[PDB]
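The form deposited in one PDB entry is given below as one chain in structure tokens.
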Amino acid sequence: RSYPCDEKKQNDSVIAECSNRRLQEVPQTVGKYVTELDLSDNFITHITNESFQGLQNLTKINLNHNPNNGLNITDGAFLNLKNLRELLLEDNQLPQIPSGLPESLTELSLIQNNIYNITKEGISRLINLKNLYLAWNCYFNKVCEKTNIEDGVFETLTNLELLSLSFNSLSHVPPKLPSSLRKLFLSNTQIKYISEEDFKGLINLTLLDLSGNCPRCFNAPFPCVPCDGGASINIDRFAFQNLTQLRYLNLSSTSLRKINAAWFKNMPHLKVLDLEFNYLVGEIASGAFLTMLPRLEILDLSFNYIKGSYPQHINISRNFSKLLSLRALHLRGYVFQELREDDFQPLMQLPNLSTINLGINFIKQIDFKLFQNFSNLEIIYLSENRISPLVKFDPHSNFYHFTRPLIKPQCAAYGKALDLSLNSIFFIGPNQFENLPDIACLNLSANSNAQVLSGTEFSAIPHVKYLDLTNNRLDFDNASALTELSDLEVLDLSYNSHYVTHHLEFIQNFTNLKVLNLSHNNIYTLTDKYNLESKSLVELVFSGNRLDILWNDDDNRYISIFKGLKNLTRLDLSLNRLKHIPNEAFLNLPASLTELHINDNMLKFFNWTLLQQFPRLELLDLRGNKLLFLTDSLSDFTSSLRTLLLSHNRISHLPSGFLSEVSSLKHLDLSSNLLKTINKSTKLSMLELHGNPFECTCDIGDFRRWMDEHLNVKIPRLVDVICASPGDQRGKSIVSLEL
């Protein structure tokens, strides 16, 4: 049983997860045949020649974030390790590149340190480096005015593919870069001018990142210095002439007013170009450079808005029609009031344009029919505009562009997706959807929408399968509500409330409804019908309502509220303020259930005998309640239960043979209870115990033993399985004990 690390076999290799464990030194416990070692996010202060002693089989070491005046590394501390490929040394407060690194290294990360000098002593021997990360070392510091890069330091790295120096003050592109380079990251490096010489003969470059040099600082969240007179980056016309393989070019926040079309002459494979946070309103109108990009797939022109303006119209050059390979056009934050058919004419002929992103333009009116004249649109993203009712940090994160899909994949997977969340659609006008193509996924989240749903508002787009209505003020009292969407599979009504009683009869009408989310609707009483019914429904989320009130009804009107969901496998009853579930109300939950969540309530007792009525239940989640007792005979009541979650309860006695049958149990979580010991007690593969006030006298020795006798069982966060008493032990791990 690896301590303090968790050792795991994975592909041919073996891994040691040793992070976030309050370690003040490299354990000597570790060993052996471990090939990867993650020691990140600890309290380690020194690395010496004995820190890794006879661990030749190490291939990768992560020492990031140690310690939480910093990490001290002896010269040649790693020189031992003949197979070391990957060494991560981020956020270690290092004042220089450590000396004598093993020339076996193919990846080295030294991000977020205080390295102001890049020397031949440091890296010149590392002739097998493929990837070298030196970002975030001299960034807004008086101490280093300028990162000093010794001449030719990288010329010797003849296998170097990725070089990142972003977020350091360089002033100019270092000379003598190896022609093996494929990706050169130079964001926010204060390089205001790019010569013809700077990227000469980098005939293997696929990616160049020059973002954030001569930044556009208007409304910049982070500290930001423009070039004098907020002038643009200055890029010589021949700066990119030999970069014939460039696929990715990032010129975000370079204060560009104009784009020299000659930059792209020799670059006929450019795929992704981003030009976000510039001043390109004029260029978007004329756009000579657009003729030069017949293979571009992703263009991002977001946030080029002019301060103080709110122009009526967007002006799109007809040259956009030359972007024949365009798949995705991002035009967030241009800021304009209306969108006419003609304005998007150039885009209507692009055969693969599947994503139009017009988020955050505050557009008041759109001629919606224009979206019918596209052959392949799958994603129309119109969040944070102003459509009305129609009656007539992280260094490995993208600092500018996305990181998340525009629309939830589960919604978009159904087909054509339209996102009109956070607009001004305070009710659904009778013409709201009239001119739309056939929408399968629709987001109307957070429009302060107060529509009294009556069965007609969605009839012009009747093939919607995923409908997000969250965070509105809808009335769905009429049993006809939404029934015009006869193919509806997923319906999200989370956080709906009035500008309140409910009638849920509408649910039954759907033949194909799979997932319904009613969370935080504050449901406390139903009118006339007291029973939810559906033959199709697989998943009900009911968290954040008032089942406590519903189930303490004096007439027992709601003892069957869910029984009529005959196909139900997943039910969420979290956050319903439940103290006690009446026995027969529990027995009337669908017998088809596989996953029952009753977490974060106030349950004082749970009738374990009733699991006998749920022969398919695999997962029972009772975390965050007030339960006192566990049955001594679980196996009598289920053979299906695989995961049982009981953390944050008041369990102080673990009945004997609870680790014995039930033998279906694979995962048992008893973290954060009141256990002082485990006494009397296979197939189990995870047992969580951390946060219990263990009493570390000799009574614990039984349990300790059982841990050695069962290495198949996994116990995470062992370091957090802590003695509370007696005082001399208080605060130690139970594993650290002796005799």
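Residue indices: 1-based, along the sequence shown. The term rigid core refers to the maximal set of C-alpha atoms that superpose within 1.5 Å between the two forms.
The form deposited in another entry exists for this protein as well; it is not shown, and the discussion that follows is about that form.
Trainee: After superposing the two forms on their rigid core, pick out the one entry in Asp236, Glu155, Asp621, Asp553 with a CA shift of 2 Å or more between the shown form and the other one.
Mentor: Flagged residue: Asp553.
Trainee: Hey, does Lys142 budge by 2 Å or more at the Cα between the shown form and the other one once the core is superposed?
Mentor: Yes; that C-alpha moves by at least 2 Å between the shown form and the other one.
Trainee: Is the shift of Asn20 between the shown form and the other one large enough to count as movement, that is, does its C-alpha move by 2 Å or more after the core is superposed?
Mentor: No.
Trainee: Work out whether the Cα atoms of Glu90 and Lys142 come closer together or move farther apart in that other deposited form than they are in this form, the change being 3 angstroms or more.
Mentor: Distance between the C-alphas of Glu90 and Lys142: shorter in that other deposited form, by 3 Å or more.
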